Amino acid sequence: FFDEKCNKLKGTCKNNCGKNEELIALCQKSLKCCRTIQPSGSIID
């Protein structure tokens, strides 16, 4: 449910977070929902 909503927020479940990506939710199979955050501005918060 948590990163199911992350899926809606277009967060991809990967092992290690990539470019400007942060860990927002813990998935199964050791995947983590990482959001590709937009730079230049104050992230997403």
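Shown for chain A, in order and in Swiss-Prot numbering: 21-65.
Structure determined by solution NMR.
Using the three backbone atoms N, Cα and C, a Cβ is placed for every residue, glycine included.
Marked as disulfide bond by Swiss-Prot: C26-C53, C33-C47, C37-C54.
Overlay of Swiss-Prot annotations on the structure.
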| residue | record | CB count, 10 Å |
| --- | --- | --- |
| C26 | disulfide bond | 19 |
| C33 | disulfide bond | 17 |
| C37 | disulfide bond | 17 |
| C47 | disulfide bond | 19 |
| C53 | disulfide bond | 23 |
| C54 | disulfide bond | 23 |
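Reported as a whole number, the C-alpha separation between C53 (disulfide bond) and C33 (disulfide bond) equals 4 Å. Each residue contributes its Cα atom, and for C33 (disulfide bond) and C54 (disulfide bond) those atoms are 6 Å apart. Taking CA atoms as the reference points, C47 (disulfide bond) and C54 (disulfide bond) are 10 Å apart.
In the three-state DSSP reading, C26 (disulfide bond) counts as helix.
Here the Cα atom of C26 (disulfide bond) is found 8 Å from that of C54 (disulfide bond).
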